[PDB]
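This is structure28.tsv (TSV, N, CA and C atoms).
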chain	number	residue	atom	x	y	z
A	1	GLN	N	-9.30	0.95	-1.21
A	1	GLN	CA	-8.99	-0.40	-0.71
A	1	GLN	C	-7.57	-0.79	-1.12
A	2	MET	N	-7.20	-2.05	-0.85
A	2	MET	CA	-5.86	-2.55	-1.12
A	2	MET	C	-4.83	-1.74	-0.33
A	3	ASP	N	-4.65	-2.13	0.92
A	3	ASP	CA	-3.89	-1.32	1.87
A	3	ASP	C	-2.78	-2.11	2.56
A	4	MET	N	-2.19	-3.06	1.83
A	4	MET	CA	-1.03	-3.85	2.28
A	4	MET	C	-1.11	-4.27	3.75
A	5	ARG	N	-2.30	-4.65	4.20
A	5	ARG	CA	-2.48	-5.02	5.59
A	5	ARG	C	-3.10	-6.40	5.74
A	6	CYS	N	-2.63	-7.33	4.92
A	6	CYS	CA	-3.06	-8.72	4.99
A	6	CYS	C	-4.54	-8.83	4.71
A	7	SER	N	-5.04	-7.88	3.95
A	7	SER	CA	-6.44	-7.82	3.59
A	7	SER	C	-6.62	-6.86	2.41
A	8	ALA	N	-5.57	-6.70	1.61
A	8	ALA	CA	-5.60	-5.74	0.52
A	8	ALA	C	-6.35	-6.29	-0.69
A	9	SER	N	-6.80	-7.54	-0.58
A	9	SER	CA	-7.64	-8.16	-1.61
A	9	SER	C	-6.88	-8.34	-2.92
A	10	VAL	N	-5.59	-8.62	-2.83
A	10	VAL	CA	-4.75	-8.71	-4.03
A	10	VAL	C	-3.35	-9.30	-3.75
A	11	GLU	N	-2.88	-9.16	-2.51
A	11	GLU	CA	-1.53	-9.61	-2.14
A	11	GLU	C	-1.40	-11.12	-2.33
A	12	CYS	N	-2.53	-11.81	-2.35
A	12	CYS	CA	-2.53	-13.26	-2.49
A	12	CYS	C	-2.23	-13.68	-3.91
A	13	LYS	N	-1.72	-12.76	-4.70
A	13	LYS	CA	-1.30	-13.07	-6.05
A	13	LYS	C	0.15	-12.64	-6.27
A	14	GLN	N	0.39	-11.34	-6.16
A	14	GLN	CA	1.71	-10.77	-6.43
A	14	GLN	C	2.76	-11.28	-5.45
A	15	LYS	N	2.46	-11.23	-4.16
A	15	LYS	CA	3.39	-11.69	-3.13
A	15	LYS	C	3.75	-13.15	-3.38
A	16	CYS	N	2.74	-13.94	-3.73
A	16	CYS	CA	2.94	-15.36	-3.98
A	16	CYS	C	3.74	-15.55	-5.27
A	17	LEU	N	3.56	-14.64	-6.21
A	17	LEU	CA	4.26	-14.68	-7.48
A	17	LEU	C	5.73	-14.32	-7.30
A	18	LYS	N	5.99	-13.46	-6.34
A	18	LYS	CA	7.36	-13.10	-5.99
A	18	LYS	C	7.98	-14.17	-5.10
A	19	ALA	N	7.14	-14.87	-4.35
A	19	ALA	CA	7.60	-15.94	-3.47
A	19	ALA	C	8.03	-17.18	-4.26
A	20	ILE	N	7.06	-17.89	-4.84
A	20	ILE	CA	7.37	-19.11	-5.60
A	20	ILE	C	6.88	-19.01	-7.04
A	21	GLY	N	6.16	-17.94	-7.34
A	21	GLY	CA	5.60	-17.79	-8.67
A	21	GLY	C	4.20	-18.35	-8.75
A	22	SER	N	3.36	-17.96	-7.80
A	22	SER	CA	2.00	-18.47	-7.73
A	22	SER	C	1.01	-17.33	-7.53
A	23	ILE	N	-0.25	-17.56	-7.86
A	23	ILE	CA	-1.28	-16.56	-7.65
A	23	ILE	C	-2.30	-17.07	-6.64
A	24	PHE	N	-1.82	-17.88	-5.72
A	24	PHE	CA	-2.68	-18.51	-4.73
A	24	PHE	C	-2.09	-18.33	-3.34
A	25	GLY	N	-1.76	-17.08	-3.05
A	25	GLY	CA	-1.14	-16.73	-1.79
A	25	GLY	C	-2.08	-16.82	-0.60
A	26	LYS	N	-1.51	-16.94	0.59
A	26	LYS	CA	-2.28	-17.04	1.82
A	26	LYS	C	-1.95	-15.88	2.75
A	27	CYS	N	-2.99	-15.20	3.23
A	27	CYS	CA	-2.89	-14.02	4.09
A	27	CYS	C	-1.82	-14.18	5.18
A	28	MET	N	-0.65	-13.57	4.96
A	28	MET	CA	0.49	-13.70	5.87
A	28	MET	C	1.48	-12.56	5.66
A	29	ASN	N	2.12	-12.12	6.74
A	29	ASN	CA	3.19	-11.11	6.68
A	29	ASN	C	2.70	-9.80	6.07
A	30	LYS	N	1.49	-9.39	6.47
A	30	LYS	CA	0.87	-8.15	5.97
A	30	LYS	C	0.50	-8.25	4.49
A	31	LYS	N	0.77	-9.40	3.90
A	31	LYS	CA	0.42	-9.67	2.52
A	31	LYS	C	-0.14	-11.08	2.41
A	32	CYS	N	0.51	-11.90	1.59
A	32	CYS	CA	0.18	-13.30	1.47
A	32	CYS	C	1.44	-14.10	1.17
A	33	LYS	N	1.44	-15.36	1.56
A	33	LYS	CA	2.59	-16.23	1.34
A	33	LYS	C	2.19	-17.45	0.54
A	34	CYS	N	3.16	-18.15	0.00
A	34	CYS	CA	2.91	-19.47	-0.56
A	34	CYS	C	3.29	-20.52	0.47

Please express what this file holds, its structure, as structure tokens.
Amino acid sequence: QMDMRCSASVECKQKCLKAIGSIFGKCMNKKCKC
């Protein structure tokens, strides 16, 4: 699992943490956004 396809069950943390520094990302851009 975890296949960087907006459903990796984890991008909603790291991507958001790289975005604004949050662990509450939203399924977007093959990952998640804040």

| Test item, strand (DSSP E) assignment across region 2-32 of chain A, answer as a PyMOL selection string | chain A and resi 26-28+31-32

| remark: Correct to one decimal, the distance atom N of residue 20 (chain A)-CA of residue 1 (chain A) is 24.1 Å

Six-sided padding of 3 Å per side, axis-aligned box over region 16-30 of chain A, centre and edges in Å, one decimal, as AutoDock Vina command-line options:
--center_x 2.5 --center_y -13.6 --center_z -1.0 --size_x 17.0 --size_y 17.0 --size_z 21.5

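Atom pair CA of residue 3 (chain A) / atom C of residue 22 (chain A) has a distance of 19.2 Å (rounded to one decimal).
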
Residues near region 8-10 of chain A, anyone? I mean within 9 Å using only C-alpha atoms, not counting same-chain ones fewer than 4 positions away, as a PDB file with N, CA and C atoms, in the frame of the given file.
ATOM      1  N   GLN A   1      -9.300   0.950  -1.210  1.00  0.00           N
ATOM      2  CA  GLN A   1      -8.990  -0.400  -0.710  1.00  0.00           C
ATOM      3  C   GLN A   1      -7.570  -0.790  -1.120  1.00  0.00           C
ATOM      4  N   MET A   2      -7.200  -2.050  -0.850  1.00  0.00           N
ATOM      5  CA  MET A   2      -5.860  -2.550  -1.120  1.00  0.00           C
ATOM      6  C   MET A   2      -4.830  -1.740  -0.330  1.00  0.00           C
ATOM      7  N   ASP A   3      -4.650  -2.130   0.920  1.00  0.00           N
ATOM      8  CA  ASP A   3      -3.890  -1.320   1.870  1.00  0.00           C
ATOM      9  C   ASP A   3      -2.780  -2.110   2.560  1.00  0.00           C
ATOM     10  N   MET A   4      -2.190  -3.060   1.830  1.00  0.00           N
ATOM     11  CA  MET A   4      -1.030  -3.850   2.280  1.00  0.00           C
ATOM     12  C   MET A   4      -1.110  -4.270   3.750  1.00  0.00           C
ATOM     13  N   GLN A  14       0.390 -11.340  -6.160  1.00  0.00           N
ATOM     14  CA  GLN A  14       1.710 -10.770  -6.430  1.00  0.00           C
ATOM     15  C   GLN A  14       2.760 -11.280  -5.450  1.00  0.00           C
ATOM     16  N   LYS A  15       2.460 -11.230  -4.160  1.00  0.00           N
ATOM     17  CA  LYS A  15       3.390 -11.690  -3.130  1.00  0.00           C
ATOM     18  C   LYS A  15       3.750 -13.150  -3.380  1.00  0.00           C
ATOM     19  N   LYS A  30       1.490  -9.390   6.470  1.00  0.00           N
ATOM     20  CA  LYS A  30       0.870  -8.150   5.970  1.00  0.00           C
ATOM     21  C   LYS A  30       0.500  -8.250   4.490  1.00  0.00           C
ATOM     22  N   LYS A  31       0.770  -9.400   3.900  1.00  0.00           N
ATOM     23  CA  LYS A  31       0.420  -9.670   2.520  1.00  0.00           C
ATOM     24  C   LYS A  31      -0.140 -11.080   2.410  1.00  0.00           C
ATOM     25  N   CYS A  32       0.510 -11.900   1.590  1.00  0.00           N
ATOM     26  CA  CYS A  32       0.180 -13.300   1.470  1.00  0.00           C
ATOM     27  C   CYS A  32       1.440 -14.100   1.170  1.00  0.00           C
TER      28      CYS A  32
END

| said: For the structure I just gave you, how does DSSP split chain A - specifically, which residues are helix (DSSP H, G or I)? Reply as an MDAnalysis selection string. | reply: chainID A and resid 11:19

| query | To one decimal place, how far is CA of residue 29 (chain A) from atom N of residue 17 (chain A) in Å? | reply | 13.4 Å

| Using only C-alpha atoms, which residues sit within 8 Å of residue 34 (chain A) once same-chain residues fewer than 3 positions away are excluded, as number ranges by chain? | A: 16, 19-20, 22, 24-26

Coordinates of chain A, C-alpha atoms, as a PDB file, in the first residue's frame:
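File part25.pdb, as written:
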ATOM      1  CA  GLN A   1       0.000   0.000   0.000  1.00  0.00           C
ATOM      2  CA  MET A   2       0.934   3.699   0.088  1.00  0.00           C
ATOM      3  CA  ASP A   3       1.298   4.316  -3.621  1.00  0.00           C
ATOM      4  CA  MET A   4       1.414   8.146  -3.980  1.00  0.00           C
ATOM      5  CA  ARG A   5      -1.911   8.107  -5.826  1.00  0.00           C
ATOM      6  CA  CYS A   6      -4.092  10.334  -3.653  1.00  0.00           C
ATOM      7  CA  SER A   7      -4.945   7.271  -1.633  1.00  0.00           C
ATOM      8  CA  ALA A   8      -1.610   6.233  -0.141  1.00  0.00           C
ATOM      9  CA  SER A   9      -3.161   6.448   3.337  1.00  0.00           C
ATOM     10  CA  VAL A  10      -0.400   8.756   4.596  1.00  0.00           C
ATOM     11  CA  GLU A  11       0.096  11.725   2.219  1.00  0.00           C
ATOM     12  CA  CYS A  12      -2.450  13.625   4.295  1.00  0.00           C
ATOM     13  CA  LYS A  13       0.299  14.194   6.818  1.00  0.00           C
ATOM     14  CA  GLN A  14       3.713  14.632   5.176  1.00  0.00           C
ATOM     15  CA  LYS A  15       2.494  16.601   2.149  1.00  0.00           C
ATOM     16  CA  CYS A  16       0.549  18.875   4.465  1.00  0.00           C
ATOM     17  CA  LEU A  17       3.600  19.159   6.707  1.00  0.00           C
ATOM     18  CA  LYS A  18       5.666  20.248   3.731  1.00  0.00           C
ATOM     19  CA  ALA A  19       2.851  22.563   2.626  1.00  0.00           C
ATOM     20  CA  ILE A  20       1.998  24.578   5.760  1.00  0.00           C
ATOM     21  CA  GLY A  21       3.274  22.268   8.473  1.00  0.00           C
ATOM     22  CA  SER A  22       0.128  20.287   9.206  1.00  0.00           C
ATOM     23  CA  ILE A  23      -0.856  16.634   9.544  1.00  0.00           C
ATOM     24  CA  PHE A  24      -4.392  17.185   8.324  1.00  0.00           C
ATOM     25  CA  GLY A  25      -3.945  17.112   4.580  1.00  0.00           C
ATOM     26  CA  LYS A  26      -6.739  16.694   2.034  1.00  0.00           C
ATOM     27  CA  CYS A  27      -6.567  14.206  -0.867  1.00  0.00           C
ATOM     28  CA  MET A  28      -5.209  16.406  -3.693  1.00  0.00           C
ATOM     29  CA  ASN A  29      -2.458  16.469  -6.350  1.00  0.00           C
ATOM     30  CA  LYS A  30      -1.825  12.702  -6.095  1.00  0.00           C
ATOM     31  CA  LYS A  31      -1.166  13.328  -2.406  1.00  0.00           C
ATOM     32  CA  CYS A  32      -2.859  15.715  -0.001  1.00  0.00           C
ATOM     33  CA  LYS A  33      -2.975  19.483   0.408  1.00  0.00           C
ATOM     34  CA  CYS A  34      -3.639  21.946   3.185  1.00  0.00           C
TER      35      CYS A  34
END
